[PDB]
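One structure is given below, encoded as structure tokens.
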Protein chains: 2
Amino acid sequence: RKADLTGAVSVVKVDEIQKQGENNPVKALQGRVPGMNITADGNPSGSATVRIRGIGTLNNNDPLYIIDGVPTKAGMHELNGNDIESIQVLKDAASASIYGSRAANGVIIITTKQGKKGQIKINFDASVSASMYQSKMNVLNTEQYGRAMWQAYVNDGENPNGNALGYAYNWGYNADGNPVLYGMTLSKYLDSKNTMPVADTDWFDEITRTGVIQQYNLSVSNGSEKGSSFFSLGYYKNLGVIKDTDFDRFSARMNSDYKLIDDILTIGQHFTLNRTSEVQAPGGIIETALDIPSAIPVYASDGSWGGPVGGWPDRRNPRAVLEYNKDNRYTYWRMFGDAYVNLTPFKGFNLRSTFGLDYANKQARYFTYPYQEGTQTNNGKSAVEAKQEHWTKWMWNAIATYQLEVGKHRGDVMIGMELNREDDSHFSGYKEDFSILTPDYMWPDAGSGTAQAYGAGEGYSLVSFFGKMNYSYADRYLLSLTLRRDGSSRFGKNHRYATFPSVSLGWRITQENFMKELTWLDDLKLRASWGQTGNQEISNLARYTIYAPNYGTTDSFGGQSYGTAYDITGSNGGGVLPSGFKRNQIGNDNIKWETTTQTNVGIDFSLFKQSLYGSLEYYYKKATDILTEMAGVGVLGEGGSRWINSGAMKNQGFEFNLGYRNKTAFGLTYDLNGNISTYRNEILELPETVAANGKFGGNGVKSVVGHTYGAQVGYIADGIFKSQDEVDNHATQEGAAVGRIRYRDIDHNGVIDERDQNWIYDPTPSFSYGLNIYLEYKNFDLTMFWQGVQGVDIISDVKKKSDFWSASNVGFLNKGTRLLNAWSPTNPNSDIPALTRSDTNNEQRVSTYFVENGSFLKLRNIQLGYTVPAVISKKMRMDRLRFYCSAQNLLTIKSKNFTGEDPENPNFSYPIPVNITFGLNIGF
Amino acid sequence: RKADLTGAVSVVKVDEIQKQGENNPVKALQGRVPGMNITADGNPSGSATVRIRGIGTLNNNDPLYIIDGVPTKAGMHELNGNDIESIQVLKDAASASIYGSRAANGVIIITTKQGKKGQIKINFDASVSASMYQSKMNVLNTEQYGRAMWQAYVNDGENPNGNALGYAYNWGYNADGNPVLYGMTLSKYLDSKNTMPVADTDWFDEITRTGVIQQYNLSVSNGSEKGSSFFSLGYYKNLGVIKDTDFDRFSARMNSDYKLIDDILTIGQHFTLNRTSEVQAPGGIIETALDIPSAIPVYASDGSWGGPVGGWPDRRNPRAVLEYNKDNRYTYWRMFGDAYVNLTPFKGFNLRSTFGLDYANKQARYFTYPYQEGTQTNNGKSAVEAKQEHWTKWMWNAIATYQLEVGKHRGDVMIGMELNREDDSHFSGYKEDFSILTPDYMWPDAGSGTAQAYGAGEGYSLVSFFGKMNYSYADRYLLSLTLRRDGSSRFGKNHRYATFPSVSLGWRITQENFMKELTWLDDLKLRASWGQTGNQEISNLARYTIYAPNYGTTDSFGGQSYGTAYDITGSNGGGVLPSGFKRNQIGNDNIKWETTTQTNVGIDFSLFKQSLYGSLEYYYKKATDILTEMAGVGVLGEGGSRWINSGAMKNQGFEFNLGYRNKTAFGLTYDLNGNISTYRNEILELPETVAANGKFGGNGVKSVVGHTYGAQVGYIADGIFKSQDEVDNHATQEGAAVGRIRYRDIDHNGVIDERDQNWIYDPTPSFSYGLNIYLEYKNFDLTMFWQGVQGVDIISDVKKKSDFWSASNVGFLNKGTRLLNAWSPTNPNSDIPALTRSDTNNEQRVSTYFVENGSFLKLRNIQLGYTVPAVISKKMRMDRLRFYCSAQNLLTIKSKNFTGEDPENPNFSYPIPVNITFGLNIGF
Ligand SMILES: OC[C@H]1O[C@@](CO)(OC[C@H]2O[C@@](CO)(OC[C@H]3O[C@@](CO)(OC[C@H]4O[C@](O)(CO)[C@@H](O)[C@@H]4O)[C@@H](O)[C@@H]3O)[C@@H](O)[C@@H]2O)[C@@H](O)[C@@H]1O
Ligand SMILES: OC[C@H]1O[C@@](CO)(OC[C@H]2O[C@@](CO)(OC[C@H]3O[C@@](CO)(OC[C@H]4O[C@](O)(CO)[C@@H](O)[C@@H]4O)[C@@H](O)[C@@H]3O)[C@@H](O)[C@@H]2O)[C@@H](O)[C@@H]1O
Ligand SMILES: [Mg+2]
Ligand SMILES: [Mg+2]
């Protein structure tokens, strides 16, 4: 039963959601909803990014979740997802407008479990899983690194023995004169102090482990003709594949409802309290592991952490970084409550008053230990940073609803007044100069150095007056009209309030009397909708010209702190310097709501007595007056960025969902749920400065207007040179040589320059599809979910560090294994450019070489279960006893054009492991 | 129904508790429990101090509250007290031992409301009250202040015109030569700059107001044969009589229980969430208001805050202090949850597993605004202090219980394992040098001065193995035996665990067959108990020799920060000085549990068919091996304090409770509940250093061993001198003169010195009593509660500032009105010493003059209510509709020997106002 019945609403089967055994319920439905993309890195937490109906605005695109009627935007990884009874995604503006003023990016409606009338249920779910690291990037070992360095040296024509890295090469020339390597030897110690012995270290294996996931849920549900209740407890723990990274969560939910008199005075509440403790991986840990050469030992001769010495590249020890980061644990208390009262003066009138609260409290204590890894050190700096953050949101809602059933005319009239009110704050203390260097001793009182205090606060409010009218004739013609008047504190008084209408029409064709002979066609419905929604998800301080006293106490990398503190006297400090103010942004009093107009046309069908069901949707979204933060013109200086309504986005999309469930003669019940979706995104208008800086695409070379959001312009790589004749015949370019990348001459001017660039990257897949298969046979249930993406291109940064030598900022870094298969006179059958120590050709430029085909098809979740026969369970007094074994991310298929691995995560983000899970469910 | 039936247990009628309409339920039963003293200052919060059975130890004496089986020690002012169904105070060690290892100071058992089986109830309570400031200290006005100063000047023989305060006196001599004042005049401006005009300011009226108290509670309760639930919402707000001080609290409680199978698997939970926001009064605000003379105007000529100028005494403006303190608001989130599961393998066996959690989160932001009140200033210092505190306690409990009913023998055997685990932390950031000077702008990021970071953490754990055996023969002979094995993390491994036994006997004399002819004697029971309990409420870091790197970043008054930072180079600072460590305390590995042995004998009676009931109890408490923090010997230096088991306290007490309820011929139902209690406290052993410093009594002159806790030694004032002959005849003393205090010569050596001191102060009342009267007549219910204390002495500090002139640290301060009635040749009929500007006689010394009789009898609460007749309520569908008007602290009677006012609060603490409340209860 859809909550709108006349809009683009997707109902997710919650039973299949819990099968995947994911902490985040949103991550579970990664590819089960058409036109809704979920991207998850693979960290122990269930944090993921959601994009509904593509990219719809130049602002925050997270959809508005609704739990028990209370809206929010925080991720669901911090809430217990095992007590959800229904999930509905409202991807249509007309249908989702009535649920809030933040519905521009879509609304996901989540309903929690409630006690079923007249019965009691208890469910205990246990789950133990092992997560294994699968996407192991192949990097050069010691011998391979030496061979690659020798190849680069001989290709450049330099002496390979001058590497000054302890490698001594015995080599010569063949009959054709091409250099050949006979053998290599290494010095025992990398430094003259004999403190860093040479070793063959697998850094990826050193920093990875086999994670353990535990999940225990216990829920009890109570129903009656007269009231109901529900109490759930949950514990989740996930150890990541990366060492010293973990995430655990305790959860307790209590829901209840009471009916007084006979039917009047229905008072209900839903509350949940969660406590999540997490240690996250340091930024660029995978990059650090990939960059550091395998010759560096984990431990030095004296037992301290190993590190680069002499001429080895400056990279920290990833194991040491993980060890020092294991104490950066943060605790997060989440609190989602709601209490509502419903009054019924007579049969058709309802008055609902609702109060919802969301309180979040985050406490963290970060430590900075002194480290000395060879030549890598922080000058013995030890510090503590105690940070506290508070978020407090509350919403009050009043709803008046009237229903009439006059003849064949059904009429629902609803009005509503809503207030939303959010306040955020944070403050932190910073201390230095510690002695014991242990988390027990590192407290700000125990410090003996410079101290810093940081602190800020913000907030906003929203007011909404909405109305909804639904008319039904003969249960065949449906009309819906909703109107919203929304105001926010982020806008000035003149442009505070805005009006948004939406209309929906629906015709149940099967109800018409002219096709009663079509017995096979069980149900057919055609619906259309045209709606407008408002977007105001911008910075709270958007219309003010901000001047802030930035003294410079905040840590900055590179010294570009832009602080306001100058030693005007010239005494080299020694006290409190005079300070001032700096401009952060220029105010704009003409900012108003961004208007997103959505037109949707859908056809729902069901054939063969509800056996073959499905839906087909086509949508057109047009966002105008987009509140974008334009940067300064360049001579406007600091604080030149300002918010302006100068945007325009278009999204044209198709979605198709199908489902076929049927039994078999010998007792097999098969259910197939297929889904496919495609969309095209375009930017029609954009501010000149925004298009110039290329923050939304174009790389600052060409304007992204008229092209897909995020599209990138680069050169075109027409293979590599294989002879001097090819270099001479090709158009002249700097650094052209044998074995170097050849770049196409777009304008045919005879010279390769910055004007020889074109659109090369389009981050829009041709189509994304999913398929769920459920088989039941003799108490055996098998679930198999496949997700595929076709026609998507990806920019690969790992390729830049695997197909080239000395293509990074610093040289002598560790590279990929496939680098060994580079072009050479001895090995002409290769497309990888020849190794070189100098990037004369400038191959780090954006080009089609780094663009790879990201199409993939992976088995997201497979599960085989066994249900104990009812007689044995009744003997053991359990109403339902089930066991199951599942595999998540077990298998994947990728295109041959993708040189790397894991097309879903082709970069240095958190890896996605393979989960092998065993679980049991008891229904006492 | 008592939960022990064989110990000293007092059951408090919760219905009478809610009548007083107090936020703190503990404050409501201030004098309704024998042998239990409640002291409340009168602040908007319900915070109060509880002492059960007198002072029982030299450590923290707060009793252990128990809510829904979870123990705690936090005050109940931060929890909703309107959803309590039963309150039981266990004042006996034997009865309260089984409830925890922290039962040395008594256990208060609080049970929350739960849904009554087979029915639904909703109650809505509204209450609006006005609090009026009654204890207005009478201080001298401008003319009275001038007259008093002139009298002091003429008594001292000096020229009254040299006061240099703008007072010009026209005066002369009478026939007898005694000075007489004819008139006085004042300069218009107190300073030569004409910025502080003279005025007659009533500072007490200026800083006080009429407070408004609002209370709104809404509870719903759900019962069934098969499960139950309860949901309560509450809002409280109290504006104190002192301006810019307030306290509000939101509360939400959800309780539920579910029964599975038939009777096995009973799963229940009780959760409550509270949010209290409070602004407290600054320290010594009443003292500041009393000290500042009335001549100082509230506002200056330019509109700024008025302040002392010229020779006026240095005192801040209390109104300015309150105005600057109005932004020091702290928010406190309290979280008390519990979840339990009960299993019944068969009829007599029960297994209960309980998990309780208490999470408290306090966030505060204090501001230091620059002030310039005449000559009072802070050199334009502006600062912000953002403080965060976290408390997290959790308890796990396992209980196995077996019951047997063999013939007339009833046997209960219970064993239990309990773990308690508490962790506390706090951290704060400090910033300076602000410009706008508003709470919106004062954030640590906006500061431009020196920053400080403070932070600390601590915690402890408790393990308990307890057993309880109850045997009943013929329902006439009762025996109870409990044994506890308790260990704490605050002790070393050798002395970690301790064993505590307790035994209880009971005989129902009325059940014997030899007195069946005594029909009037309905019930009679005689019980005895001997128990031992353990006390370990000490500092967590008690056995460790503490060395801390106190750099000195903490603010200190007077400069005695004892910081560790020295400019060893001699450059007047300019950087980070070298630091070190200092000793905080000396460890003691021999510390163990403090053993409190309690012997109780009680007689319970009920006569005339449960019409005249009552109880009489006698108790003897002996605490030995008391963990006391002895100070250093004096040459041991800093950190010489250490914890040692060298204490011994004795408490001998009597309690008597009586109750008589009966109807009348014409339809009047009268119920009287009287209570009386008395106790004597003594200290038998004490460390030599502790007795020398006199922290527990004696004022450092004589050892408190063998005397009451808190007893004070001082001189004896034998009136005042009235002639030179009296001075000559009396023993010689320094400063002796006409009109000065005469001090008794205790040792008869002819000279008054420091050896002429004796025990003068004993802080133990002769007896404390209470009386509750409840009258019902024709839908009119009248409640009247009186509380009286007799035989208590109080040290008065207000008297020192009201009966003497220039008796404070600084001169020319404002004094009390009764100072005008001082002894003089013109007014010989007075006992107040003559005014003087020099304290030559040293009348500030501790003496019997400042000891006053604190006996009082006050009407704590009176309430008149009207209940709507049942027919009208049934017409309006309400099951019960009631209105009421009440007065709290309306009337009091004090002894004539008490010169001041409000004997309950005879000092500069928060005043106790008179509350006039109107409330309604609806039982829809
Ligand atoms: O991130 C910018 C923006 O986020 C806000 C608004 O909620 O708060 C986020 C703060 O969290 C910070 C570090 O403290 O990073 C986010 C990490 O903290 C976690 C903890 O669960 O997330 C917290 C917060 O972000 C979501 O996860 C986003 O959906 C929400 O579910 C949740 O409420 C964790 O998920 C992240 O790793 C940092 O970004 C912010 O201080 C604002 O404070 C801030 O403006
Ligand atoms: O007071 C010393 C001792 O108290 C602890 C242990 O709980 O925490 C008290 C902290 O609160 C401080 C200021 O932050 O003063 C107490 C004021 O805060 C309130 C807020 O409700 O009380 C908090 C805390 O103290 C009780 O009230 C005592 O019964 C408890 O009910 C409640 O848990 C308020 O009542 C007081 O005005 C300060 O004393 C402490 O930082 C320890 O932290 C500390 O060692
Ligand atoms: Mg060209
Ligand atoms: Mg003497």
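Numbering starts fresh at 1 for the residues of each chain in the structure tokens, the chains themselves are lettered A, B, ... in the order given, and ligands are numbered from 1 as they appear.
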Counting only C-alpha atoms, what is within 9 Å of residue 600 in chain A, bar same-chain residues fewer than 5 positions away, as a compact mmCIF listing (two decimals) with N, CA and C atoms, in the first residue's frame?
# COMPACT_ATOMS: atom_id res chain seq x y z
N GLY A 7 1.83 8.99 -7.19
CA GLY A 7 3.12 9.58 -7.47
C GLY A 7 4.18 8.51 -7.66
N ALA A 8 5.40 8.98 -7.95
CA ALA A 8 6.54 8.09 -8.15
C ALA A 8 7.04 7.64 -6.78
N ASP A 92 9.24 11.72 -6.43
CA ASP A 92 8.47 12.72 -7.16
C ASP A 92 8.26 13.95 -6.29
N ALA A 93 8.42 15.13 -6.89
CA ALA A 93 8.24 16.37 -6.15
C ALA A 93 6.81 16.52 -5.66
N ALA A 94 5.83 16.16 -6.50
CA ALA A 94 4.43 16.31 -6.11
C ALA A 94 4.08 15.43 -4.92
N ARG A 527 -0.57 7.45 -14.47
CA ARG A 527 -0.54 8.62 -13.60
C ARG A 527 0.43 9.65 -14.14
N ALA A 528 0.13 10.92 -13.86
CA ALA A 528 1.00 12.03 -14.22
C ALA A 528 1.05 12.99 -13.05
N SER A 529 2.13 13.77 -12.98
CA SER A 529 2.28 14.72 -11.89
C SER A 529 3.19 15.85 -12.33
N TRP A 530 2.84 17.07 -11.91
CA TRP A 530 3.66 18.25 -12.13
C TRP A 530 3.73 19.00 -10.81
N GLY A 531 4.94 19.14 -10.26
CA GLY A 531 5.09 19.75 -8.96
C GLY A 531 6.26 20.71 -8.93
N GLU A 617 8.43 4.54 -15.43
CA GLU A 617 8.37 5.96 -15.09
C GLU A 617 9.31 6.76 -15.98
N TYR A 618 8.86 7.96 -16.35
CA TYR A 618 9.69 8.92 -17.07
C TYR A 618 9.59 10.26 -16.35
N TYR A 619 10.73 10.86 -16.03
CA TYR A 619 10.75 12.08 -15.25
C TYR A 619 11.63 13.14 -15.89
N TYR A 620 11.21 14.39 -15.72
CA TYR A 620 11.92 15.58 -16.17
C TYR A 620 12.00 16.55 -15.01
N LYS A 621 13.22 16.82 -14.54
CA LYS A 621 13.46 17.74 -13.44
C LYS A 621 14.20 18.97 -13.97
All residues having an atom within 10 Å of ligand 1 (only C-alpha atoms and all ligand atoms) as a PyMOL selection string: chain A and resi 43+45-50+62+72-79+247+275-280+330-334+359-364+387-391+424-426+457-458+539
Who sits within 12 Å of residue 13 in chain B, only C-alpha atoms, same chain under 6 positions skipped, as a PyMOL selection string: chain B and resi 1+19+25+28-29+32-33+84-89+110+673+772
Residue 67 in chain A surroundings by only C-alpha atoms, 7 Å radius, close-in-sequence under 2 positions cut, as an MDAnalysis selection string: chainID A and resid 65 69:71 109:111
DSSP strand (DSSP E) residues within range 692-890 of chain B, listed as a PyMOL selection string: chain B and resi 712-714+717-720+741-743+758-761+767-777+780-790+793-795+851-853+856-867+881-890
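Taking only C-alpha atoms and all ligand atoms into account, ligand 4 has within 12 Å the residues residues 715, 716, 730, 731, 732, 733, 743, 744, 745, 746, 747, 748, 749, 750, 751, 752, 753, 754, 755, 756, 757 and 758 of chain B.
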